[PDB]
Amino acid sequence: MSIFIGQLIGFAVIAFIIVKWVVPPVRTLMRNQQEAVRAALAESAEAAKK
Amino acid sequence: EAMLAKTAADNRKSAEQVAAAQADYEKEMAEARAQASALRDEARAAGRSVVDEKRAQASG
């Protein structure tokens, strides 16, 4: 039972470290990819209009 | 990828057209100008011939 609380605390630490250091960069990369593809689509529309 | 290639080709084609429109413009501008100049030249030649034959018949 005690080991259960211990590994819950460990998982809380894991979640904190994740959300605080791994989440920001991966989210930024995801936003960069989304912006790049959106810009590509916008360029396609602009080129067709041109 | 096909969309990216199509966008590049469309930009290239728009650049080509903004030049080809003016190219054909100037081409038939020059065609009309040359035709008009030829019409004027033949009119002048006809007038010269007419006055020359008038000279000849009047002298006779």
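Letters A, B, ... mirror the listed sequences (proteins, then strands); counts begin at 1.
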Interatomic spacing from NZ in A:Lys50 to CG in B:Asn11 - rounded to 0.5 Å: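 Going from NZ on A:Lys50 over to CG on B:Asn11, the span is 5.0 Å.
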
Distance in Å, A:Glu43 CD paired with B:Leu4 CG, rounded so as to fall on 0.5 Å steps: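 Answer for the CD-CG pair, A:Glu43 versus B:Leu4, is 9.5 Å.
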
Distance-minimising heavy-atom pair for A:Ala47 and B:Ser14: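 In terms of heavy atoms, the two residues are closest at O-OG, 4.3 Å.
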
Are [X] and [Y] joined in one hydrophobic group, where the rule is that I, L, V, M, F, W and Y side chains link up if heavy atoms are under 4.5 Å apart?
X: A:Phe11; Y: A:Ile9; answer: no
X: A:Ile17; Y: A:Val22; answer: yes
X: A:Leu8; Y: A:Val13; answer: no

Exceeds 12 heavy-atom contacts within 6.0 angstrom, atom NZ of B:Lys13: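 No, because the 6.0 Å sphere around NZ of B:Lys13 holds 12 heavy atoms or fewer from other groups.
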
